[PDB]
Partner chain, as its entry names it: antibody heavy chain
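Just the one chain here, laid out as structure tokens, in the form deposited without the partner chain.
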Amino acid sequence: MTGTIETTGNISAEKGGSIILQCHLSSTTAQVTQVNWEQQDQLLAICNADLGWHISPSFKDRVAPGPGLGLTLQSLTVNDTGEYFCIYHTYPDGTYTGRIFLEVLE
């Protein structure tokens, strides 16, 4: 498994503000078939290569796809503090996972 996934790391944003969760896979030519964005174990949205973005109903109002394979979380609350993952499904390499840790300051 040759590729590496880079993320935005440890980031803070203000309550009621927004945040771009971003990841970038590199060092591989495998096709990214889909990307899942997760708040801990809780799916936020998927971005499938053929069918584009699909958002969890529970987050539909406060999520905007992108930029790119990134995701934008809106109307942050203190409960949005924690870890987020970007799961890349690739062929043939398989799964690459990234982590981002967000602090929502009050």
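Numbering follows the first chain given and starts at 1.
One more form of this protein exists, namely the form deposited with the partner chain bound; it is left out here, but the text below deals with it.
The closest heavy atom approach of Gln34 to the partner chain in the bound PDB entry falls within 4.5 Å.
Proximity of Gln42 to the partner chain in the bound PDB entry: non-hydrogen atoms within 4.5 Å are present.
Shown alone here, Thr29 lies farther than 4.5 Å from the partner chain in the bound PDB entry, counting heavy atoms only.
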